[PDB]
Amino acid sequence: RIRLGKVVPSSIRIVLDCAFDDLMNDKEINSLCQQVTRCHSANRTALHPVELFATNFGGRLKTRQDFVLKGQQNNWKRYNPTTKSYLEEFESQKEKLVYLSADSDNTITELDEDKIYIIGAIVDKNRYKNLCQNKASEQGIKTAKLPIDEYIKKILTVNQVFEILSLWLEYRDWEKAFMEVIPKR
């Protein structure tokens, strides 16, 4: 993938909701940690970097991260880890939160410059169906699935979803973003 043109930061916040440490075994945490790192790396080279948040950040994910990265995470840019939940961190902007979920009845069609998009930070192989959908509904926050159909004909990894969002900022074309991150082959 080649990037053309001038780097212009987006005002969008993207949140990795890291509240699910207790639902994952050791391999899954290890994988998630690699995926969080890929979100930062994809953000750094993006034509429109966003502000990346990692909320409820702690526990075995935070340990693993520092074990693997050996303190390098403390050097990352446009990156905001916090023990606060997203609901805590963005209470005043609650109306602007959108939790991305494959299980939503709603479909995202554009990323709004004034909105805050949440990705569930979990590697479960989707054995926890409706998990993120349920969490956001109980909070009264809107959810949306990626407009994958009808080029998909479903549940992507944390970093795949991040990468797709970031590429949409660049191209403003979902088909191109999908073609780049999940080519049919």
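Residue numbers here begin at 1 and follow the sequence given.
Asker: If you count the residues of the deposited sequence that sit between residue 153 and residue 154 but have no coordinates, do you get none, 1 to 3, 4 to 9, or 10 or more?
Answerer: The entry has a gap there, with 4 to 9 residues left out between residue 153 and residue 154.
Asker: Per the PDB record, is the mean Cα temperature factor higher over 170-178 or over 11-19?
Answerer: Between 11-19 and 170-178, it is 170-178.
Asker: If you average the Cα B factors in the entry, which is higher, 115-123 or 63-71?
Answerer: Result of the comparison: 63-71.
Asker: Name the residue from 27, 38, 48, 135 with the greatest C-alpha temperature factor listed in the entry.
Answerer: It is 27.
Asker: Sorting the chain's modelled residues by C-alpha B-factor, tell me whether residue 76 ends up in the lowest, middle or highest third.
Answerer: For residue 76, the deposited C-alpha B-factor lands in the highest third.
Asker: Relative to the other modelled residues in the chain, which third contains the C-alpha temperature factor of residue 107: lowest, middle or highest?
Answerer: Middle third.
Asker: Sorting by Cα B-factor within the chain, modelled residues only, which third would residue 42 end up in: lowest, middle or highest?
Answerer: Its C-alpha B-factor belongs to the lowest third of this chain's values.
Asker: In terms of the CA temperature factor given in the entry, to which third of its chain does residue 128 belong: lowest, middle or highest?
Answerer: Within its chain, residue 128 is a highest-third residue by C-alpha B-factor, going by the deposited values.
Asker: Consider only the C-alpha atoms of the modelled residues in this chain, order them by B-factor as the entry records it, and name the third containing residue 83: lowest, middle or highest.
Answerer: Answer is middle: the recorded C-alpha B-factor places it there.
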